[PDB]
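Okay, so here's the structure we're looking at.
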Amino acid sequence: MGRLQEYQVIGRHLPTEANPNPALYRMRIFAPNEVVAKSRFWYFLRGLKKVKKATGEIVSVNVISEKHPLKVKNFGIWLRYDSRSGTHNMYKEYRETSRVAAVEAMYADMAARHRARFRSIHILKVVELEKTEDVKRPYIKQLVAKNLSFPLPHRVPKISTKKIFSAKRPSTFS
Amino acid sequence: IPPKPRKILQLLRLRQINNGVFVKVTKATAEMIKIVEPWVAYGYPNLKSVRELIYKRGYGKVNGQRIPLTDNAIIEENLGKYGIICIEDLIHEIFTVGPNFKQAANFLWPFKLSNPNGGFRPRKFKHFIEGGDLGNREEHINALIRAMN
Amino acid sequence: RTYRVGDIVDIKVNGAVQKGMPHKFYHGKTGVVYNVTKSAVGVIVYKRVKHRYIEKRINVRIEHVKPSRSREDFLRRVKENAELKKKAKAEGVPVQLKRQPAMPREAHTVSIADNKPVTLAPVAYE
Amino acid sequence: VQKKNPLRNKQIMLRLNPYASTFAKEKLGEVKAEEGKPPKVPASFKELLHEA
RNA sequence: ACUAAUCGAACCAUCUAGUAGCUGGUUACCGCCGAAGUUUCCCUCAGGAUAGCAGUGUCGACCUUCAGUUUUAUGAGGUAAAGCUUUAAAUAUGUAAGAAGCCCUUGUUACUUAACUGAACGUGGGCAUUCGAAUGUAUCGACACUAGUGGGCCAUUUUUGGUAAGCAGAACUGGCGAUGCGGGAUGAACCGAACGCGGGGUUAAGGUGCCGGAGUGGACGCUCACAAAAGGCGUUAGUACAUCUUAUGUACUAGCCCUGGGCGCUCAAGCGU
């Protein structure tokens with residue numbers, strides 16, 4: 001959903017006399033902005049435990065940037081979505097230079113092949129595939145294969161849309 | 001519009017589309033806004049948003065009349081009894097919420113804002129966390145005011 | 001239980017007694033007293049129609065009317081607003097007497113030590 | 001007869017806010033931050049950022 | 001329609017512009033304010049009165065007060081969790097939030113009680129420059145005459161009874177009967193927005209291939225056109241089991257398709273983000 005960023009959101013129960021210094025739960029949340037990152041954080045936390053936004057506070061929101069966004073790597077995303085039938089789990093593989101780019105890849109991919117929106121989709125675990133042969137996926141496998149070199153046939157050239165008429169029939173060999 | 005959110009918008013002086021008002025964050029007020037969330041957008045304004053609103057669209061309620069804040073004299077006649085003597089005081093009292101926020105904010109007529117330059121989001125009638133333009137949005141009200149004001 | 005003429009009583013309408021039962025529009029509503037009889041108690045209660053209020057007069061027996069605790073917070077407040085004002089004028093110091101609506105929280109610092117923040121995640125369907 | 005915007009019209013701003021002449025003169029919209037060597041990020045903050 | 005057969009029997013002027021119901025009609029302009037089907041009480045059917053909502057005037061205090069709102073305190077309801085009905089809560093919903101107020105002291109009474117035990121009428125105090133929450137302020141209160149509806153319709157929500165399924169009835173809210181504008185290729189639905197006459201700027205709902213103002217715009221995938229654990233040797237996406245120097249092959253899950261406005265479109269001008 002948009003240019004998402006990663007957010008580290010830490011929060012805990014509002015302290016009472018009975019429980020000073022509460023437990024300080026932390027979650028990693030992909031969101032377009034901070035007010036969505038905090039909303040997803042309370043949505044999950046009320047799902048697992050009894051804490052709510054009204055009785056809870058947020059102690060930090062921090063952006064987790066990519067360590068090496070100029071390196072290309074393979075990502076494994078564990079996933080959970082609610083359909084009309086029910087909830088199912090699957091695992092996709094993506095090839096991007098960053099984790100937020102792979103989550104961007106997932107959200108468009110999941111909405112296309114399965115018609116799942118942001119509310120139904122739950123991130124389980126996104127982890128960099130450190131070593132080859134941990135790639136369990138065919139279309140990534142041909143890409144990680146040795147000495148990849150493919151042609152680009154039938155590339156339609158960029159003709160400007162405001163040049164309605166052309167004098168020469170275009171060539172598709174570039 | 002049901003009559004219960006209708007009464008609140010009258011009490012918050014939001015009687016028209018594209019109408020602005022400063023309110024205090026308070027458990028009395030915060031529960032009042034949450035009911036009329038299907039009708040409003042709200043957030044936290046910065047110093048600049050407070051400054052440009054008072055300077056460009058700042059109007060005063062002088063004997064029930066909407067008088068534009070043109071000279072410093074017209075603040076002395078109305079709010080000199082609370083120590084506010086100039087425009088920079090009225091900005092200071094609102095931004096840094098002082099002991100006389102209530103008399104300062106009621107002095108100002110509600111801000112008749114224009115439509116935003118650049119438009120709203122495609123479906124502005126959803127919450128901001130679901131891609132719309134409604135409800136709380138915190139520091140992003142500064143971008144909304146900049147397009148509007 | 002005993003009841004005056006003019007105090008505040010609240011109706012509960014239990015299912016034990018069925019004699020002269022008020023409607024479901026009259027269960028659980030608070031009102032004032034204008035008549036006290038051997039069993040029935042005359043109750044004045046407002047009614048909400050359209051934009052206004054109309055007053056209705058009824059009779060409810062003693063089996064479901066209880067003394068109202070509505071103005072209990074008042075008699076506590078005026079008594080306490082009195083004795084703090086005596087302590088204020090004796091000591092010559094000002095005291096905030098009204099109620100504040102619980103202003104939003106100020107800023108503070110939370111230390112990491114002894115509390116390593118645990119990393120959570122959603123769970124699968126199994 | 002005619003409300004003039006002090007943000008556009010510099011004369012109305014000076015009538016309303018006489019400090020506005022010396023704000024731009026001494027350039028307090030461009031106040032440089034206080035000098036001094038900034039400390040490194042603590043190592044414990046880096047692990048909590050890049051945690052699993 | 002015609003013929004045969006069937007039933008009946010006047011006219012004139014006046015009373016008389018008879019009366020009853022029920023139709024049709026009812027004559028310049030502009031400005032301001034603007035509704036209703038609803039509460040209580042009677043009695044012939046043939047329906048009355050009243051309350052409301054409204055218009056003109058008129059009179060008394062001064063936004064003190066008030067309020068389809070929140071908050072604080074306290075009732076009332078069901079549904080999970082939960083304990084051995086109490087527990088904590090959703091959701092709407094009563095009451096109170098000072099000087100028109102409090103507490104206790106002391107007398108009386110026609111009332112009540114063992115008794116100021118209470119109730120009523122009289123004594124005492126204190127805060128009038130935080131008078132004891134927030135927000136609002138175009139504050140009200142009270143008279144007359146004079147209307148029009150007083151018996152409806154639609155939608156939501158709740159609730160009740162019931163059918164083979166239907167359906168039926170209330171109450172609440174919004175609306176209609178009394179509404180123009182942009183959209184919905186069209187609309188009595190719905191979405192936006194409610195209205196003096198003009199100029200400029202920005203938008204909403206909806207759109208940007210042509211008709212039509214606006215993108216043949218950008219990223220990534222899929223497709224070639226009733227109904228069931230249904231048939232697919234069509235394609236893609238995911239899961240679970242088995243072989244392997246001793247790449248596979250079986251069954252499912254999800255897409256979506258074959259069977260079950262015009263022009264035109266197919267690396268869309270379709271679908272999802």
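Residue names in the structure tokens use chain letters A, B, ... in the order shown, residue numbers from 1 in each chain, and ligand numbers from 1 in the order shown.
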
Using only C-alpha atoms (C1' of nucleotides), which residues sit within 12 Å of residue 131 of chain B once same-chain residues fewer than 3 positions away are excluded, as a list in words? residues 1, 2, 31, 32, 33, 35, 36, 118 and 119 of chain A; 120, 121, 122, 123, 124, 125, 126, 127, 128, 134, 135 and 137 of chain B

If we count only C-alpha atoms, which residues of chain C reach to within 6 Å of chain A? Please list them as an mmCIF file with N, CA and C atoms, in the first residue's frame.
data_model
loop_
_atom_site.group_PDB
_atom_site.id
_atom_site.type_symbol
_atom_site.label_atom_id
_atom_site.label_comp_id
_atom_site.auth_asym_id
_atom_site.auth_seq_id
_atom_site.Cartn_x
_atom_site.Cartn_y
_atom_site.Cartn_z
ATOM 1 N N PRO C 117 12.877 -5.265 25.464
ATOM 2 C CA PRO C 117 11.561 -5.308 24.813
ATOM 3 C C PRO C 117 11.419 -6.534 23.926
ATOM 4 N N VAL C 118 10.374 -7.298 24.173
ATOM 5 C CA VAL C 118 10.160 -8.545 23.457
ATOM 6 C C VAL C 118 9.573 -8.261 22.081
ATOM 7 N N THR C 119 10.051 -9.006 21.091
ATOM 8 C CA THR C 119 9.659 -8.833 19.699
ATOM 9 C C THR C 119 8.518 -9.790 19.403
ATOM 10 N N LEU C 120 7.387 -9.248 18.984
ATOM 11 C CA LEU C 120 6.219 -10.065 18.715
ATOM 12 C C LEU C 120 5.971 -10.200 17.218
ATOM 13 N N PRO C 122 2.452 -11.804 14.484
ATOM 14 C CA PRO C 122 1.190 -12.542 14.396
ATOM 15 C C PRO C 122 1.436 -14.038 14.272
#

So which residues of chain B fall under helix (DSSP H, G or I) by DSSP, listed as a VMD selection string? chain B and resid 3 to 11 27 to 35 37 to 39 47 to 57 73 to 82 87 to 95 101 to 107 128 to 130 138 to 148

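Nearest to chain B of all the residues D:40, D:8, D:25, D:50 is D:8, counting only C-alpha atoms.
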
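One finds atom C1' of residue 97 of chain E at 10.7 Å from atom CA of residue 99 of chain C.
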
For the strand (DSSP E or B) assignment from backbone DSSP, which residues of segment 77-150 of chain A qualify? Please present them as JSON, numbers by chain. {"A": [77, 78, 79, 80, 81, 82, 87, 88, 89, 90, 91, 92, 93, 94, 95, 96, 122, 123, 124, 125, 126, 127, 128, 129]}

Near chain A, which residues of chain D fall within 12 Å when you count only C-alpha atoms, and what do they look like as number ranges by chain? D: 45-52

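Taking atom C1' of residue 203 of chain E and atom CA of residue 116 of chain B as the two end points, the separation is 7.3 Å.
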
Pick out the chain E residues within 6 Å of chain B. Count only C-alpha atoms (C1' of nucleotides). Give them as an MDAnalysis selection string. chainID E and resid 69:71 134 136 202:203

Residues of the last selection are to be written out with N, CA, C and O atoms (P, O5', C5', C4', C3', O3' and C1' of nucleotides), as a PDB file, in the first residue's frame.
ATOM      1  P     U E  69     -28.107  15.439  23.872  1.00  0.00           P
ATOM      2  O5'   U E  69     -26.797  16.152  23.339  1.00  0.00           O
ATOM      3  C5'   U E  69     -26.129  15.659  22.194  1.00  0.00           C
ATOM      4  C4'   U E  69     -24.651  15.905  22.285  1.00  0.00           C
ATOM      5  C3'   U E  69     -23.947  15.284  23.476  1.00  0.00           C
ATOM      6  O3'   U E  69     -23.658  13.909  23.302  1.00  0.00           O
ATOM      7  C1'   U E  69     -23.254  17.524  23.231  1.00  0.00           C
ATOM      8  P     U E  70     -23.415  12.960  24.574  1.00  0.00           P
ATOM      9  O5'   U E  70     -21.945  13.316  25.065  1.00  0.00           O
ATOM     10  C5'   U E  70     -20.816  13.010  24.264  1.00  0.00           C
ATOM     11  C4'   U E  70     -19.584  13.738  24.736  1.00  0.00           C
ATOM     12  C3'   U E  70     -19.035  13.315  26.084  1.00  0.00           C
ATOM     13  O3'   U E  70     -18.252  12.140  26.017  1.00  0.00           O
ATOM     14  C1'   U E  70     -19.110  15.668  25.974  1.00  0.00           C
ATOM     15  P     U E  71     -18.237  11.111  27.246  1.00  0.00           P
ATOM     16  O5'   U E  71     -17.593  11.932  28.443  1.00  0.00           O
ATOM     17  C5'   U E  71     -16.204  12.214  28.483  1.00  0.00           C
ATOM     18  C4'   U E  71     -15.866  13.115  29.643  1.00  0.00           C
ATOM     19  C3'   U E  71     -16.153  12.549  31.021  1.00  0.00           C
ATOM     20  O3'   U E  71     -15.115  11.714  31.493  1.00  0.00           O
ATOM     21  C1'   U E  71     -17.016  14.741  30.877  1.00  0.00           C
ATOM     22  P     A E 134     -15.062  24.665  33.039  1.00  0.00           P
ATOM     23  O5'   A E 134     -15.047  23.762  31.733  1.00  0.00           O
ATOM     24  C5'   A E 134     -13.864  23.103  31.313  1.00  0.00           C
ATOM     25  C4'   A E 134     -14.099  22.338  30.038  1.00  0.00           C
ATOM     26  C3'   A E 134     -14.638  23.152  28.877  1.00  0.00           C
ATOM     27  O3'   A E 134     -13.617  23.831  28.171  1.00  0.00           O
ATOM     28  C1'   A E 134     -15.887  21.158  29.104  1.00  0.00           C
ATOM     29  P     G E 136     -16.370  27.663  23.179  1.00  0.00           P
ATOM     30  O5'   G E 136     -17.857  27.908  22.679  1.00  0.00           O
ATOM     31  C5'   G E 136     -18.271  27.511  21.384  1.00  0.00           C
ATOM     32  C4'   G E 136     -19.771  27.414  21.303  1.00  0.00           C
ATOM     33  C3'   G E 136     -20.550  28.681  21.628  1.00  0.00           C
ATOM     34  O3'   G E 136     -20.671  29.565  20.528  1.00  0.00           O
ATOM     35  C1'   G E 136     -21.501  26.835  22.755  1.00  0.00           C
ATOM     36  P     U E 202      -7.473  26.661 -10.150  1.00  0.00           P
ATOM     37  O5'   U E 202      -8.076  25.991  -8.838  1.00  0.00           O
ATOM     38  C5'   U E 202      -7.279  25.849  -7.673  1.00  0.00           C
ATOM     39  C4'   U E 202      -8.044  25.242  -6.525  1.00  0.00           C
ATOM     40  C3'   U E 202      -8.541  23.829  -6.727  1.00  0.00           C
ATOM     41  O3'   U E 202      -7.532  22.853  -6.602  1.00  0.00           O
ATOM     42  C1'   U E 202     -10.247  25.122  -5.746  1.00  0.00           C
ATOM     43  P     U E 203      -7.763  21.405  -7.237  1.00  0.00           P
ATOM     44  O5'   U E 203      -8.597  20.641  -6.127  1.00  0.00           O
ATOM     45  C5'   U E 203      -9.724  19.865  -6.476  1.00  0.00           C
ATOM     46  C4'   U E 203     -10.766  19.909  -5.395  1.00  0.00           C
ATOM     47  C3'   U E 203     -11.773  18.775  -5.423  1.00  0.00           C
ATOM     48  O3'   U E 203     -11.296  17.615  -4.771  1.00  0.00           O
ATOM     49  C1'   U E 203     -12.914  20.828  -5.262  1.00  0.00           C
TER      50        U E 203
END

Selected residue of minimal separation from residue 13 of chain C among E:30, E:129, E:51, E:77, counting only C-alpha atoms (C1' of nucleotides): E:77

Show me, as a PyMOL selection string, the residues that have an atom within 10 Å of residue 31 of chain C when counting only C-alpha atoms (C1' of nucleotides), minus same-chain residues fewer than 4 positions from it. (chain C and resi 6-11+42-46+57+65+68) or (chain E and resi 94-95)

Selection to disk with C-alpha atoms (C1' of nucleotides), as a PDB file, in the first residue's frame:
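Saved the output as out-v6.pdb:
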ATOM      1  CA  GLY C   6     -40.185  15.274  46.631  1.00  0.00           C
ATOM      2  CA  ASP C   7     -37.106  13.045  46.856  1.00  0.00           C
ATOM      3  CA  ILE C   8     -35.582  11.128  43.949  1.00  0.00           C
ATOM      4  CA  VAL C   9     -36.490   7.472  43.454  1.00  0.00           C
ATOM      5  CA  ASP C  10     -35.397   5.053  40.742  1.00  0.00           C
ATOM      6  CA  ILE C  11     -37.462   2.171  39.362  1.00  0.00           C
ATOM      7  CA  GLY C  42     -46.569   8.618  42.706  1.00  0.00           C
ATOM      8  CA  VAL C  43     -43.679   9.266  40.317  1.00  0.00           C
ATOM      9  CA  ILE C  44     -43.128  12.238  37.990  1.00  0.00           C
ATOM     10  CA  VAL C  45     -40.807  11.400  35.087  1.00  0.00           C
ATOM     11  CA  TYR C  46     -40.001  13.375  31.937  1.00  0.00           C
ATOM     12  CA  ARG C  57     -47.297  11.098  36.254  1.00  0.00           C
ATOM     13  CA  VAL C  65     -38.515   1.957  43.738  1.00  0.00           C
ATOM     14  CA  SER C  68     -31.505   7.496  44.069  1.00  0.00           C
TER      15      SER C  68
ATOM     16  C1'   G E  94     -32.562   7.723  32.585  1.00  0.00           C
ATOM     17  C1'   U E  95     -30.968  11.320  37.046  1.00  0.00           C
TER      18        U E  95
END

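Across the model, the gap from atom CA of residue 64 of chain C to atom CA of residue 16 of chain C is 9.9 Å.
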
Can you check which residues of chain E have any atom within 9 Å of chain C? Use only C-alpha atoms (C1' of nucleotides) and format it as a PyMOL selection string. chain E and resi 39+68+71-77+94-98+101-103+118-119+126-127+130+132-134

At a cut-off of 12 Å, which residues of chain B touch chain D? Count only C-alpha atoms and give the answer as a ChimeraX atom specification. /B:48,51-59,67-75,85-91

Got time to write the residues from that selection, N, CA and C atoms, as a PDB file, in the first residue's frame?
ATOM      1  N   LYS B  48       3.873  27.325  12.332  1.00  0.00           N
ATOM      2  CA  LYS B  48       3.588  27.968  11.059  1.00  0.00           C
ATOM      3  C   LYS B  48       2.105  27.917  10.728  1.00  0.00           C
ATOM      4  N   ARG B  51       0.463  30.407  12.758  1.00  0.00           N
ATOM      5  CA  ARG B  51       0.836  31.755  12.348  1.00  0.00           C
ATOM      6  C   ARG B  51       0.106  32.173  11.080  1.00  0.00           C
ATOM      7  N   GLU B  52       0.096  31.308  10.060  1.00  0.00           N
ATOM      8  CA  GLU B  52      -0.508  31.687   8.788  1.00  0.00           C
ATOM      9  C   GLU B  52      -2.024  31.754   8.889  1.00  0.00           C
ATOM     10  N   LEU B  53      -2.615  31.003   9.815  1.00  0.00           N
ATOM     11  CA  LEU B  53      -4.063  31.051   9.970  1.00  0.00           C
ATOM     12  C   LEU B  53      -4.514  32.360  10.600  1.00  0.00           C
ATOM     13  N   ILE B  54      -3.824  32.807  11.648  1.00  0.00           N
ATOM     14  CA  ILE B  54      -4.194  34.056  12.301  1.00  0.00           C
ATOM     15  C   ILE B  54      -3.866  35.243  11.409  1.00  0.00           C
ATOM     16  N   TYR B  55      -2.727  35.196  10.723  1.00  0.00           N
ATOM     17  CA  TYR B  55      -2.304  36.339   9.928  1.00  0.00           C
ATOM     18  C   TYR B  55      -3.131  36.504   8.659  1.00  0.00           C
ATOM     19  N   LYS B  56      -3.522  35.409   8.008  1.00  0.00           N
ATOM     20  CA  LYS B  56      -4.203  35.545   6.726  1.00  0.00           C
ATOM     21  C   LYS B  56      -5.719  35.409   6.849  1.00  0.00           C
ATOM     22  N   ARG B  57      -6.201  34.460   7.642  1.00  0.00           N
ATOM     23  CA  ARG B  57      -7.633  34.255   7.811  1.00  0.00           C
ATOM     24  C   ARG B  57      -8.078  34.496   9.244  1.00  0.00           C
ATOM     25  N   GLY B  58      -7.435  35.427   9.931  1.00  0.00           N
ATOM     26  CA  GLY B  58      -7.822  35.717  11.297  1.00  0.00           C
ATOM     27  C   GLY B  58      -8.872  36.797  11.414  1.00  0.00           C
ATOM     28  N   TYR B  59     -10.046  36.435  11.905  1.00  0.00           N
ATOM     29  CA  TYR B  59     -11.144  37.372  12.077  1.00  0.00           C
ATOM     30  C   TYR B  59     -11.608  37.321  13.519  1.00  0.00           C
ATOM     31  N   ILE B  67     -14.935  40.975  12.490  1.00  0.00           N
ATOM     32  CA  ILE B  67     -14.027  42.076  12.178  1.00  0.00           C
ATOM     33  C   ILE B  67     -12.650  41.497  11.879  1.00  0.00           C
ATOM     34  N   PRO B  68     -12.043  41.822  10.741  1.00  0.00           N
ATOM     35  CA  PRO B  68     -10.728  41.259  10.421  1.00  0.00           C
ATOM     36  C   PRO B  68      -9.632  41.851  11.288  1.00  0.00           C
ATOM     37  N   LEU B  69      -8.696  40.996  11.694  1.00  0.00           N
ATOM     38  CA  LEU B  69      -7.598  41.397  12.570  1.00  0.00           C
ATOM     39  C   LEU B  69      -6.599  42.202  11.747  1.00  0.00           C
ATOM     40  N   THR B  70      -6.824  43.509  11.713  1.00  0.00           N
ATOM     41  CA  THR B  70      -6.078  44.424  10.864  1.00  0.00           C
ATOM     42  C   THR B  70      -5.121  45.304  11.653  1.00  0.00           C
ATOM     43  N   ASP B  71      -5.508  45.712  12.855  1.00  0.00           N
ATOM     44  CA  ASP B  71      -4.675  46.525  13.723  1.00  0.00           C
ATOM     45  C   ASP B  71      -4.571  45.842  15.075  1.00  0.00           C
ATOM     46  N   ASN B  72      -3.505  46.151  15.812  1.00  0.00           N
ATOM     47  CA  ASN B  72      -3.354  45.602  17.153  1.00  0.00           C
ATOM     48  C   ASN B  72      -4.313  46.227  18.150  1.00  0.00           C
ATOM     49  N   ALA B  73      -4.954  47.339  17.790  1.00  0.00           N
ATOM     50  CA  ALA B  73      -5.855  48.010  18.714  1.00  0.00           C
ATOM     51  C   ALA B  73      -7.090  47.166  18.985  1.00  0.00           C
ATOM     52  N   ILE B  74      -7.545  46.412  17.985  1.00  0.00           N
ATOM     53  CA  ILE B  74      -8.825  45.727  18.115  1.00  0.00           C
ATOM     54  C   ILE B  74      -8.705  44.463  18.962  1.00  0.00           C
ATOM     55  N   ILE B  75      -7.486  44.016  19.250  1.00  0.00           N
ATOM     56  CA  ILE B  75      -7.301  42.932  20.207  1.00  0.00           C
ATOM     57  C   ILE B  75      -7.264  43.482  21.628  1.00  0.00           C
ATOM     58  N   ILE B  85      -2.460  41.459  24.123  1.00  0.00           N
ATOM     59  CA  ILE B  85      -2.416  42.831  23.638  1.00  0.00           C
ATOM     60  C   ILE B  85      -2.091  42.934  22.154  1.00  0.00           C
ATOM     61  N   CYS B  86      -1.633  41.861  21.512  1.00  0.00           N
ATOM     62  CA  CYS B  86      -1.224  41.958  20.116  1.00  0.00           C
ATOM     63  C   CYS B  86      -1.485  40.638  19.403  1.00  0.00           C
ATOM     64  N   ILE B  87      -1.177  40.618  18.103  1.00  0.00           N
ATOM     65  CA  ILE B  87      -1.397  39.421  17.297  1.00  0.00           C
ATOM     66  C   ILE B  87      -0.416  38.322  17.675  1.00  0.00           C
ATOM     67  N   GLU B  88       0.839  38.681  17.950  1.00  0.00           N
ATOM     68  CA  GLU B  88       1.825  37.684  18.356  1.00  0.00           C
ATOM     69  C   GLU B  88       1.479  37.076  19.709  1.00  0.00           C
ATOM     70  N   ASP B  89       0.698  37.789  20.521  1.00  0.00           N
ATOM     71  CA  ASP B  89       0.186  37.212  21.759  1.00  0.00           C
ATOM     72  C   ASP B  89      -0.918  36.207  21.485  1.00  0.00           C
ATOM     73  N   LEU B  90      -1.788  36.505  20.522  1.00  0.00           N
ATOM     74  CA  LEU B  90      -2.894  35.607  20.219  1.00  0.00           C
ATOM     75  C   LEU B  90      -2.387  34.324  19.579  1.00  0.00           C
ATOM     76  N   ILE B  91      -1.296  34.420  18.820  1.00  0.00           N
ATOM     77  CA  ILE B  91      -0.632  33.233  18.296  1.00  0.00           C
ATOM     78  C   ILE B  91       0.017  32.449  19.428  1.00  0.00           C
TER      79      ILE B  91
END

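Across A:101, A:145, A:111, A:156, the tightest approach to chain E is made by A:111 when counting only C-alpha atoms (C1' of nucleotides).
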
Using 12 Å as the limit and counting only C-alpha atoms (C1' of nucleotides), can you tabulate each residue of chain E that touches chain A, with its shortest atom-to-atom distance in Å and the two atoms involved, as a Markdown table?
| residue | atom | partner | partner_atom | distance |
| --- | --- | --- | --- | --- |
| E:81 | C1' | A:50 | CA | 11.1 |
| E:215 | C1' | A:161 | CA | 9.9 |
| E:216 | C1' | A:161 | CA | 7.6 |
| E:217 | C1' | A:161 | CA | 10.0 |
| E:219 | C1' | A:108 | CA | 9.4 |
| E:220 | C1' | A:108 | CA | 6.2 |
| E:221 | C1' | A:112 | CA | 5.7 |
| E:222 | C1' | A:113 | CA | 6.9 |
| E:223 | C1' | A:113 | CA | 11.6 |
| E:236 | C1' | A:113 | CA | 8.4 |
| E:237 | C1' | A:113 | CA | 6.2 |
| E:238 | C1' | A:90 | CA | 6.0 |
| E:239 | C1' | A:90 | CA | 7.2 |
| E:253 | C1' | A:88 | CA | 8.4 |
| E:254 | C1' | A:114 | CA | 5.9 |
| E:255 | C1' | A:113 | CA | 4.9 |
| E:256 | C1' | A:113 | CA | 9.0 |
| E:267 | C1' | A:156 | CA | 9.7 |
| E:271 | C1' | A:112 | CA | 8.5 |
| E:272 | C1' | A:112 | CA | 4.7 |
| E:273 | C1' | A:108 | CA | 5.0 |
